[PDB]
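Here's the structure, in structure tokens; my notes come after.
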Amino acid sequence: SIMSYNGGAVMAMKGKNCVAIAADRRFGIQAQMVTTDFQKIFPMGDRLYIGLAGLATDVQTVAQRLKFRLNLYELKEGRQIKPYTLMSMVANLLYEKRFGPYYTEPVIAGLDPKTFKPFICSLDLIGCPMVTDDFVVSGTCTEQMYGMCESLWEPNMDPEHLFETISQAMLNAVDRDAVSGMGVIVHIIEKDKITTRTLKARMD
Amino acid sequence: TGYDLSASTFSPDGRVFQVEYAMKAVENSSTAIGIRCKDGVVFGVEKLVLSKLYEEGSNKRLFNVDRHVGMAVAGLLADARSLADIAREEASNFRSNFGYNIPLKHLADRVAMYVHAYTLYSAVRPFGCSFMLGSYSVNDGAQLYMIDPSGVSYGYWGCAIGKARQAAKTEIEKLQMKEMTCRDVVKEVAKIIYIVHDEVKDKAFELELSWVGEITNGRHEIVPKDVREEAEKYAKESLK
Amino acid sequence: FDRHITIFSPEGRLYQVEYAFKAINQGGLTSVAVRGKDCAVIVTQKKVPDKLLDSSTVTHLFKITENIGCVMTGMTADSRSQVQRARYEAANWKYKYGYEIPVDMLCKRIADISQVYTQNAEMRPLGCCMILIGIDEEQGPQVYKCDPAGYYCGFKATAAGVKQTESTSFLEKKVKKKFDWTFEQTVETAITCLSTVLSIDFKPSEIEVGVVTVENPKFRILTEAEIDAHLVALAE
Amino acid sequence: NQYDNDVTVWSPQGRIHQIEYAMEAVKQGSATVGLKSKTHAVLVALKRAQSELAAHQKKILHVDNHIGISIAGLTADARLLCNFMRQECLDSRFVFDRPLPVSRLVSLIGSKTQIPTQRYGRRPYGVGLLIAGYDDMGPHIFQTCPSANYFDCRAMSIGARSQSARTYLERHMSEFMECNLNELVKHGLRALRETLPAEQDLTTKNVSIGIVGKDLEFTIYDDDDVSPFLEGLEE
Amino acid sequence: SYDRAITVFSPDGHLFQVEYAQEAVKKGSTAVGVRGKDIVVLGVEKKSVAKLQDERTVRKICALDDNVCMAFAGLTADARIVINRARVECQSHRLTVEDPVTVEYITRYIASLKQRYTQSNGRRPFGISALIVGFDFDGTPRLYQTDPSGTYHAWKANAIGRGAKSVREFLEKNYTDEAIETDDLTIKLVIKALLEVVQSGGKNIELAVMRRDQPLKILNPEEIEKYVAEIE
Amino acid sequence: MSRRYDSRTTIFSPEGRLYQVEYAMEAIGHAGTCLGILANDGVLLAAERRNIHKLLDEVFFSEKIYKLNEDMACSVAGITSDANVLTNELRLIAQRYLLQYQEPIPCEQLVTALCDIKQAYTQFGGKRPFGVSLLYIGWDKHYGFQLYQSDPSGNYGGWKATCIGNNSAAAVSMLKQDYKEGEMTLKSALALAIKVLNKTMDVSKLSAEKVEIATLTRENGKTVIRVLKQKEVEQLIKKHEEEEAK
Amino acid sequence: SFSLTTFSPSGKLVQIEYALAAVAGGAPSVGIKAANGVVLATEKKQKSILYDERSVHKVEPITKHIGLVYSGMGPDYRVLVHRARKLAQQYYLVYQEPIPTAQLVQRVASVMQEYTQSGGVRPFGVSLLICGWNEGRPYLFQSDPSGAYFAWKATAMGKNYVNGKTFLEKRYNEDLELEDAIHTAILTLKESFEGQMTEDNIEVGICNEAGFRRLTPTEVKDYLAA
Amino acid sequence: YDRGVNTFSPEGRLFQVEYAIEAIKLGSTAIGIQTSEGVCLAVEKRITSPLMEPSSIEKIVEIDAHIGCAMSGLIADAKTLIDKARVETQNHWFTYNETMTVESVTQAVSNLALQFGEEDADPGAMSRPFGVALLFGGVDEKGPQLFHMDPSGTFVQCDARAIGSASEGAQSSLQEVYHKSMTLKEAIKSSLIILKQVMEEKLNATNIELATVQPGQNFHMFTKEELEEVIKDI
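So the protein lines, in turn, are chains S, R, L, Q, O, N, M and P.
For the first sequence, the deposited numbering begins at 2 and goes up steadily by one.
For the second sequence, the deposited numbering begins at 6 and goes up steadily by one.
For the third sequence, the deposited numbering begins at 9 and goes up steadily by one.
For the fourth sequence, the deposited numbering begins at 4 and goes up steadily by one.
For the fifth sequence, the deposited numbering begins at 2 and goes up steadily by one.
For the sixth sequence, the deposited numbering begins at 1 and goes up steadily by one.
For the seventh sequence, the deposited numbering begins at 7 and goes up steadily by one.
For the eighth sequence, the deposited numbering begins at 8 and goes up steadily by one.
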């Protein structure tokens, strides 16, 4: 369908006190490939991120309405938004447009703005919020990404394990997909800092 | 004081002067009376002759609201003709909805809603005419209600409106109107108007009567010329 | 200037609203109501200026819904307007929430309609006070009185009209004695109130008495034949 | 005093002075007269020129084949009702394919006249309308007022100095029914004589007429055919 | 909403509201402009600030397009609305017609707004009078003045604001074929036109120039002093 | 309806000015004294608090100092109610700008955007104008550090230093005298506010609680805004405490 | 359709100036923020013994953690109850969280700002005291007819507020227990209110970690021991 | 100010409209001419300064090839009416594929003038009447036609009508000189004689503007050629 038009994938995981996010860089049209330099992950501010996949237009559209309503909430209240609260914003934003729906599969991961407490979740094409404390995968290669994650996922792992874990997850999974691949961006969210690495993958 | 400059402004004594002036505007109108009895409701109207140039039947103050509902008005004539079309369009919307003729209690209530709606705001003015709404039905019988500039319904066995009022109301109280029949009501209605009006300012007039009841088969109908003149001749006995 | 339209007076008053309070008082009719243990009674002055007028054609007791009665005091022009508007609400309540509207919300919605008249300078307050009665399954008998200003509160014994000052005093004298609350004996208290104030001994057609009970939540109007029974035979 | 500001304010005698002054503006302008027999109806309109260099204003507005009207009052105020009256008559033949009855049209025009009255901010129409028409029941002469009141008359004279004109119409009213089309114009033009002073009386140039009849549709005459109509009559 | 008439007539026929509008026009700062031979030059006096204001927002000489620029004298409030919505018309005219804007075309749509604001319900006539000046096709310059009432004129040399009549007296007397001969004499005339209403102002005069195909150019303060240095 | 009570703000005086606007500037003068300074290292903002009582709390960041966006802030002197209306409209215009161009709004663009809304009520609508005067600070990509002052009539302009509210004639006079154009920076020029706020306040012994100070400076490619520590401002006043003796 | 609020020659707002004059002519109201809770005390004065006390209450809850009191025109407060409650629900739709005190009073006062601007509507004749508990921080705010909301450790309003503030300059200390703050507010209204002091006339409510809870006359009778 | 726009006077007049016709006495003197051979309209430019260009200001503009214009009083009020007058004129040919008659031109303008109102309308409606006195001439298959219009909105066929400040004595003077079959060139003579007499400034090609319409010759604006000839041929 149109969700498979531009392809792409987004993956996110949670460690013990930390969370991890990784996604492919590929941007193309159907069978034709265009450019590998596209960015599917945008910073939401301190200790919070959001991923997006599916139609690339709504990825660059819906995400722009985020910081719009986000700043208005960050200007009125002197605190940053909670990731549990931000999930309600995107679900409400998709259900104002529900009738002729945007095309995307949001992915939200971060920490409790209050302290260290991690939280992760993902949404649906129609705007249904879904809270999963293990991992979230979205994209055209989704069915291929599950088996890799669920096999290698563990409840509590240090950032060192999360490095290789989601990496090896993405690598073998994204292989078997035709419309996803060719570069990977990885985001690691720690308490006092943030780690961001680039993975070497097959160009195909 | 400036407290009478608008209807939305209340008097320091707790009165509304603009609506009271509308009642005083009715006091400038010619005298009109109506009476209900067992057979039906009888109407009458004093029609003033301003000049001979007027055609017979001109300046008609008898309005037909609906099949079973007639109306007689006293006040500014055009304000009544404008509301008459409002009442006709209202009774028409009723039958178009519920599929039968609106009863007099229902129609006089919704018209009073339109009358009082214009007394509420400052952007409009109240009606300068007080009118009577008669009806007859086999389900109800002879019914007569009265609406005023304040938009309040008043049922009456007999009533009088226009310039001379209290004098005609007392004459109606002197004789029971419920026992008499519509055939004999037009006799007294004619005799009263001759007693009400004397020649001082105005010169001549004519009697305008209306019939609703069993004799009209439950339909608003004007008085025929033969019976009207016959009842006037019996009323001329008091004049001679 | 402030004495004409509705704007804040230098003393904090509202003269357009206060001149309305004299307009309810201008109607020349005194109304009283008492909330009993098992019942709530309303007694108002029924005036018939001329014999040509008819009884059932002019009445001060209106029915908002089956279980809620209404009495009105003031210039009748504003009387019929609120009742139709109240029936547009009470009926709308059932279309939305699906049950008979309580007396609490009915007085709240009617007040909000009257509150706009005071806040919005385009319109004017209405010259009739509204006393709404009824019964609920929790608080039992409910008696409220809504002024044109929009204020309403639970009144054990309420009064209105020219004699309201003298009526309130006699209503206090009965409650000061901790008067035992029974149905018909309370109906006397509301009737004897207006009877002792004016020093008349009214005829049965000169008063209009509504009633509501726990046994009969549907509002009823006391028959004039039953009025004559409890006037003459029981004056005691 | 303070009661003359708008229409909504009522006088303590129960009179609207704006409607009263609306009737005063009608008396401020050209006097027109019209009458009907059992067959033909004629509308005699008095045309007045500001100066001799300027020509005479048009007091007659053609409505339909069976309907015509003359205007006395504020000039341009009749243009709004004109285009409305013409649109209503066209809508009658556009739907019913039938000419709208004369009594039904005036009842609809009197409605549009009364609506702006009670509503504040809308100026009442300050022009009087003398309208005539023919139907299966014969001709009709309907005179209106800025108060929206309209009557049914055998003959009526409105405007300035219409007093002596109406007195002439009342005594000769008995003849107006039995006279034919030629005698209706004659006595109709001699009725216009009383509306003007003893110096300037009547000419065929400043006086135009129109007629409607049984088999004759409403027509308008100005000078040519009016010259034999006036001449041959004693005044 | 708010619906009523604002400007109404008078027993003498003159407009109370409009005359008070043109009064506020004269209460503003003095602005001048002329139509040169091959160029156009605008200028306006500056009330002397003491070591504070920034000249970015204070500049009263703006540009509606590359072809046409403008200046204003009056209340600074209503001036910015006209400048914004006139630039919208400049882009809307190029959007509707591929050909560039015409000075006479843009000018009339400007003054037409002030006419609408006068006769519209609830609106208000502006207290500004703007000088619309630019280049037509073939390079023929045009200078037009607006009015709060909505009329627009054509002027070879013009002065607006405070003392507009006083400078106009200097114009009509000293405006000849010798005036606006060359780019230098055109600018020196604008300076001298601002020397009558200036009291110990000095350097407060700021100038602007548009040269042929090039867009409005602002003369630097030192470039202004170069032409101001010659007085006597 | 009742044109008798219609004030008709749009009517011009016989002197050719506006009734409500002229009375609006006076209402601003009754408000508290607020000043601002544009320096090389950034913008300086200081505001007096005319409300003084032992029961005051002020749980917010500051009373008369607000934050417009990441790169800009503002102060206020005037009617306190209409200030929240203008503050919200500035936050709406700035964020709607971020939608189209995905870039921070420049200082001059955000100021002229609200001033069109301010004077739109003086042009028509019949609604009363705004009696709020606002100061504007921040940084933009082109013009950099900027300081702006607004008027209730909708007029505005750039300023290197200024003062609003009470004691406007005395403060601005004291400001220019020692003001160093493009020279005296945050550190040094911060002592001038305390020096001016002590002169503008008629009550002696200027307190750090009675005043509030906030600065905005972009460092390392990131805009940094903060409200100065009252404990340090006290020591910053302790400087002025020892200034008259030495 | 036209706003009657204009600027006086001195700059004051005449319509709002008389708005507070109506607030000062009402029943006295006080409040104290101390320890983990905030107390609000009002005086309900009927016109006789014939009016039911428990039928209508001056203290009304907005949400679980927020409640409001008032002194001024009664009917004008009923409009704010519907608009404040409806605003908090529109908040719970978007952010799915209870509304904070600072966010609520902001847009609630915006309703006051709208009717002091939009034409054909008079300003409010009421002044409200805002009580809220969020994230362990007690919040006591005071709103006026003009729409300006401030922050107060303690405050007094209505009638005799000058003597009420004088009591707060002394009787109010820091580290004060909420229970002692309730009896302290009773001592503040001891001089103002005269006649018979009962538990039905005074109406008190508080908000704490457990949320906003209105006090019953039976509990108030125990709190009247002073 | 203590009065309304539609308020009637005790003598049956409108306060508003009465001052409209009272306001036009300060306008510029202009006179129309209707001749058997065509229609002629002249207007005084009334230039207040040599820097003001008399060529840019035009009080006579071309709606259709037949119909001209005239202006007096406030100039922009006429421009507002002429704009919509030229739109409906082309809307005529857009439908019927023919030129609009002189009568239908004034009928459209009379409708636009009668719509004046404030309450119970849209903000895009004209609130106050125009201070312009309109003269609409033209020549069609019916022949030369010249109409007069005032702030009231009426239109009447007339040979000549004077507008402006001098309209008092000019209209009586136009009556005396113009009679019978007098043609174009003979009309320009008596036109420039009466106009030069009443206005302060002496007759010049740039001080006034003149244009004519003929059956065979459509609306022709007189340039410096025709203007300088008729002023010396007076």
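No residue lacks a Cβ here, since even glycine has one placed at the ideal position from N, Cα and C.
Would you identify the three-state DSSP class for residue i, choosing helix, strand or coil?
{"i": "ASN98/P", "result": "helix"}
{"i": "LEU21/P", "result": "strand"}
{"i": "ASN211/P", "result": "coil"}
{"i": "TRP101/L", "result": "helix"}
{"i": "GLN65/S", "result": "helix"}
{"i": "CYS150/S", "result": "helix"}
{"i": "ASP138/Q", "result": "strand"}
{"i": "residue 312/L", "result": "Here chain L has residues from 9 to 244 only, and residue 312/L is not among them."}
{"i": "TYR155/M", "result": "strand"}
To the nearest angstrom, how far is the alpha carbon of residue i from that of residue j?
{"i": "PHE232/Q", "j": "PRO200/Q", "result": "22 Å"}
{"i": "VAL198/O", "j": "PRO149/O", "result": "23 Å"}
{"i": "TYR161/R", "j": "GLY201/M", "result": "55 Å"}
{"i": "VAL70/R", "j": "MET151/R", "result": "14 Å"}
{"i": "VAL54/R", "j": "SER63/R", "result": "10 Å"}
{"i": "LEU84/Q", "j": "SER150/Q", "result": "15 Å"}
{"i": "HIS186/P", "j": "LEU43/O", "result": "54 Å"}
Cβ atoms of residue j and residue i: under 9 Å apart, would you say?
{"i": "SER150/N", "j": "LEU175/N", "result": "no"}
{"i": "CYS42/R", "j": "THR221/R", "result": "no"}
{"i": "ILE199/L", "j": "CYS154/L", "result": "no"}
{"i": "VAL217/L", "j": "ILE235/L", "result": "yes"}
{"i": "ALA167/L", "j": "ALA48/L", "result": "no"}
{"i": "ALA174/S", "j": "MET149/S", "result": "yes"}
{"i": "residue 4/P", "j": "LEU202/P", "result": "Outside the shown range of chain P, which is 8 to 241, sits residue 4/P, and nothing can be said about it."}
{"i": "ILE72/M", "j": "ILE105/M", "result": "yes"}
{"i": "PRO212/L", "j": "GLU244/L", "result": "no"}
{"i": "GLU214/L", "j": "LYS55/L", "result": "yes"}
Would you say residue i lies against chain A (beta-carbon separation less than 9 Å)?
{"i": "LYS174/R", "result": "In the displayed structure, chain A is absent; the protein chains listed are S, R, L, Q, O, N, M and P."}
Complete alpha helix (DSSP H) runs within the stretch 36 to 116 of chain M (minimum length 4 residues, chain order)
DSSP runs (the alpha helix (DSSP H)) wholly in the stretch 36 to 116 of chain M: 80 to 101.
Three or more C-beta pairs closer than 8 Å, one from the stretch 119 to 127 of chain Q and one from the stretch 154 to 161 of chain Q: is that the case here?
Touching, no, given that fewer than three Cβ pairs across the two stretches are closer than 8 Å.
Is it the case that the stretch 39 to 57 of chain O contacts the stretch 151 to 166 of chain N, given that we only count it when at least three CB pairs across the two stretches are under 8 Å?
Counting Cβ pairs under 8 Å, three or more are found: they touch.
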